[PDB]
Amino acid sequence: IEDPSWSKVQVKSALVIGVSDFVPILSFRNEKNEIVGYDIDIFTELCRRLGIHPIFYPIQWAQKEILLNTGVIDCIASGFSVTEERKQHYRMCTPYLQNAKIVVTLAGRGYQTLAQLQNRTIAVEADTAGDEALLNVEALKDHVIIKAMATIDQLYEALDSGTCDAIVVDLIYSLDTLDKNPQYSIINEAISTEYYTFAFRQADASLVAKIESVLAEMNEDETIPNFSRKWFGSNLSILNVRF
């Protein structure tokens, strides 16, 4: 019958959740240096209901596929986007948030349209398919220099520096940042529309099915909607959407 991926997690009585521990709202360090956030609240309660211990393991984002496939982690959170390419590399659970990639500039520069990004340098977080998102904007293919950086803070530093003229960020983890830092301008047109998921090893169907069953319970009983209201100010959960 089932593949042993759930059994393995139940026997260890633990789920190792790989995260980037600097993603605002979703998985970041609070003043006490504890990892907190929307994704953390979800997996902490999910593992509680499953009778297993959640282990939030800080990873290097660029290594996430290797760490997962070699078993260092069991799944990947921190705002993991569904892409068509990634469907060939990961088993992804039913999406839980919508997201969009947006382009941010310095506000005092008059950037209004994506077309004004031509012949510019744009910074993206490495291994986030942000380069692919930009290369899919007609105005920008073959007319942009893309700089890949290791953290989100580095993007804003380059934007403050003049090392780049714009950056790509995800709307979801930017909702507080750009509500409050209006030294920055968002180009009206987003460059992608996406879903966030939690990524698992391809073969691990029984583990993902177990996880999805509990996520559904936690969404219907308003636990996750209320986590969303806590972190975002409204209920953004889309776990009752059927894909």
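For every residue, the number given is its place in the sequence shown, counted from 1.
*Asks:* Using only C-alpha atoms and the B-factors in the entry, which stretch averages higher, 173-181 or 49-57?
*Replies:* Of 49-57 and 173-181, the stretch with the higher C-alpha B-factor average is 173-181.
*Asks:* Quick one: higher average CA temperature factor, 192-200 or 23-31?
*Replies:* Going by the record's values, the stretch with the higher mean is 23-31.
*Asks:* Looking at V124, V137, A166, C75, which one carries the largest C-alpha B-factor according to the PDB entry?
*Replies:* Reading the PDB entry, the winner on C-alpha B-factor is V137.
*Asks:* From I145, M92, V104, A100, which pick has the Cα B-factor that tops the rest in the entry?
*Replies:* Within the set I145, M92, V104, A100, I145 shows the top C-alpha B-factor.
*Asks:* What third of the chain does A133 rank in for C-alpha temperature factor, lowest, middle or highest?
*Replies:* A133: CA B-factor falls in the middle third of its chain.
*Asks:* Taking the entry's C-alpha B-factors for this chain, is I187 in the lowest, middle or highest third?
*Replies:* For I187, whose C-alpha B-factor we compare with every modelled residue in the chain, the answer is the highest third.
*Asks:* Among the modelled residues of its chain, does the C-alpha B-factor of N235 lie in the lowest, middle or highest third?
*Replies:* Its C-alpha B-factor, which the entry lists for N235, ranks in the lowest third among residues of this chain.
*Asks:* How does the C-alpha B factor of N69 compare with the rest of the chain: lowest, middle or highest third?
*Replies:* Within its chain, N69 is a middle-third residue by C-alpha B-factor, going by the deposited values.
*Asks:* If you rank the chain by CA B-factor, which third does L117 end up in: lowest, middle or highest?
*Replies:* CA B-factor rank for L117: highest third.
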